[PDB]
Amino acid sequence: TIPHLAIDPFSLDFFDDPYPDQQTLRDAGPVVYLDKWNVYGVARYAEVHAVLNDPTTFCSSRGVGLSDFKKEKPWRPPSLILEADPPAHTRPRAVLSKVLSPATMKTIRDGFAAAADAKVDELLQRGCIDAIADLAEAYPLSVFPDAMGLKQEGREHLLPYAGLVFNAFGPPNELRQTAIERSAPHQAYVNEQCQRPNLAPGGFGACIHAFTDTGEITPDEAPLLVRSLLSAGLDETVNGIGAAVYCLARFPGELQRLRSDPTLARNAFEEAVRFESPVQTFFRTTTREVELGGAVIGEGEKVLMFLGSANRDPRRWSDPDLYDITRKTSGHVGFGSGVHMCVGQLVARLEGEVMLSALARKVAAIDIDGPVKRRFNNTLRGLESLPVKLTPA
C-alpha cells in the first residue's frame, strides 16, 4: 500500500537540488517509507499539516530528529520546549511567548531597523559584497546577541553551535558525526551563557530568568530555556534573509515591485520563508497506531515531515515555484504549525522586514557577480556565499 523509496533526503546530492526529488516524494503517494533510514515520510502540504496539528499522536517528546529518545540518549539534554509535549510543553512555551511578545517587539524595533539601515549603507560603500557573510550573517549577529544580553567575548561560538544543533536533528551521517565531534567548546560556551549572572539586564535571557518568580518556570528551568534561544533563531533567520536577497537577485521584477511599495517588505520576507524554507524537515514519533492519508503507521515510528516540499506542493499553492511578494502566504509551514509553531517568529519577521525595507529604500539593483555556493546541513537550507553587486538608489 505504501511505496518504499531509496531517496536519501539527507544526502549532499539531495541538498544540492531537492526540488525534483521532492516532487517524486509528493507524487509517489501521501505517505512514503524511506528505506535508507527506516522512517515514514510525508511531503504533501495536507499530510504535513495534519501531522503538525496532532501533537498527541505525533509527539515531539521522543525527539524531533531521526533519533528516538526512547531508544537512544539525546546528544544533549532535551529542550524544555521543542522536545516536550503538552502539558509539560505548555508553561515554558508561555514564558517564551511572553519574552518574545508582540509588545516586546516594540522595545527592539527601532534599534533593529537602525542597524539594518546602517548595514545597507555600509555595503553600498563597498559595492560588491557577499550577501551571506556581509549581510545575511552580519546583520543578525549585529542585533540578536545584544538583544539576548550576551557579553561580547565568545560570540564566535554562536553560529557553530546553531549549525551543530540542526545537524544533530539528522541521521547519524558524516555531517552529524563531524558536528558532534567538534561540539565540546561551543557546548561549553552556550551552557555558561545561560546562567543568570551572564545575561545583561533587559535582554531576552534576563527576562526568561525573571519569569522564575511567577510559578510558570522554576529557577533551575531558566538556563535550559535560555539555551533554546541560543539554539534556534540565528541560522534560520540568516538563511531566511540570504534567501530573500537571493530571490530579489534572481527575480528583479519582484525587487522593482518591492522598491515601488516598501510596505511589502514583511510579506516579501514571508514569501522567502515559504520559497526556500530555511527549516527543511522535522520528525515526529507515533504514540499509537494511526491512519494517515489511507496509510497505517504503527506505534513508535518516526515520521519525517518535508516542510519545504509542503510549501511547494501544487495541490495547495498556485505557481509554487515562483517568488511572488504579494502572495497570500498565510498557511505556509516554514515556521511550523500548531502548538510548536515558531515562538520566535515575531523576532524573525522583524529582522527580515527591516532588512528588506532598508534594501527597498536604498538599493536600485542587486546583481549576482560571482559563483553561488550552497551551505550543507542536515536540517537547514541556505547559501554559503552569494556575491552580489549592489547599485545605490
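A residue's number is simply how far along the shown sequence it sits, counting from 1.
In this entry, 288-296 shows the higher mean Cα temperature factor of the pair 288-296 and 275-283. Stretches compared: 163-171, 311-319. Higher mean C-alpha B-factor in the entry: 311-319. Taking the deposited Cα B-factors for 231, 195, 79, 125, the highest one is held by 125. For the set 345, 330, 60, 357, the PDB entry assigns the largest Cα B-factor to 330. In the deposited entry, the Cα temperature factor of residue 93 sits in the bottom third of values across the chain's modelled residues. In the deposited entry, the Cα temperature factor of residue 386 places it in the highest third of its chain's modelled residues.
Per the PDB record, residue ranking by Cα B-factor puts residue 27 in the lowest third of the chain. Per the deposited record, the Cα B-factor of residue 370 falls in the highest third when ranked against the other modelled residues of its chain. Placement of the Cα temperature factor of residue 242 within the chain: lowest third of the modelled residues, per the deposited record.
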